[PDB]
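Every read-out reported here was derived from the displayed coordinates using simple, explicitly stated rules and does not represent laboratory data. FYI the Cβ positions are ideal-geometry reconstructions off the backbone, even for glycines, and counts take in every protein chain you see.
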Amino acid sequence: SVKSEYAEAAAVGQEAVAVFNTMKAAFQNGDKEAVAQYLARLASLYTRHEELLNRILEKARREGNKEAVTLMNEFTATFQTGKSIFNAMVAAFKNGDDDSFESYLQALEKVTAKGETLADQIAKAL
Ligand SMILES: NS(=O)(=O)c1ncc[nH]1
């Protein structure tokens with residue numbers, strides 16, 4: 001079902017949360033080799049999450065589930081904010097700009113925390 005596809009998508013999102021929090025610790029500790037690997041892992045996780053979300057939205061559209069479409073449009077918009085901030089964080093790591101990396105890190109944390117009430121609303125709507 002679309003609801004079980006959303007449970008799979010949620011789990012991938014939680015995997016990225018876990019990897020992110022480990023990466024944050026590695027960044028603080030100066031373990032740049034670990035950070036590089038975690039950023040690669042996060043890129044794959046976000047790419048996969050984005051795809052699962054698009055399939056969920058497309059299915060809700062085909063089902064005529066107007067409320068779920070509305071919530072998923074808002075949620076997919078917020079996802080792209082996080083993706084842009086993530087990608088900027090990656091560039092800051094490449095460039096050795098630790099000040100920008102810290103900045104983007106906190107921003108990605110706040111954008112993600114903000115979107116959690118909507119994430120729970122979607123589960124109930126599908
Ligand atoms: N936790 S998150 O939803 O922003 C996510 N999923 C994949 C990469 N990042």
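Observations on the structure shown:
- Contact map, the range 29-44: first residue within 11 Å of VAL19 (Cβ to Cβ), second residue of a type in the set (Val, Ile, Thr) and surrounded by 15 or more Cβ atoms within 10 Å (Cβ to Cβ), Cβ cut-off under 6 Å, separation 6 or more or different chains; pairs are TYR38/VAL19; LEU39/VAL90; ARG41/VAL19; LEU42/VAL19.
- Boolean, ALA91 is free of Cβ contacts under 8 Å to residues at least 40 places away in the same chain, within 15 Å of the ligand (Cβ to nearest atom) and either buried (at least 16 other Cβ atoms within 10 Å of the Cβ) or over 21 Å from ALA125 (Cβ atoms) (or both): no
- Residue within the range 34-45 that is touching an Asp or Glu at 6+ places or on another chain (Cβ under 7 Å) and either farther than 27 Å from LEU126 by Cβ or not polar (S, T, N, Q) (or both) present: yes
- Of all residues in the range 45-69, exactly one satisfies the criterion of being within 9 Å of the ligand (Cβ to nearest atom) and either loosely packed, with under 13 Cβ neighbours inside 10 Å or outside any helix (DSSP H, G or I) (or both), namely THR47.
- Here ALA107 fulfils each of the conditions (1) surrounded by 13 or more Cβ atoms within 10 Å (Cβ to Cβ); (2) farther than 15 Å from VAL17 by Cα; (3) over 11 Å from the mean Cα position of the chain (by Cα) apart from (2).
- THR112 meets all of the listed conditions (1) buried (at least 18 other Cβ atoms within 10 Å of the Cβ); (2) out of contact with any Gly (no Cβ under 7 Å at 6 or more places or on another chain) but one, namely (2).
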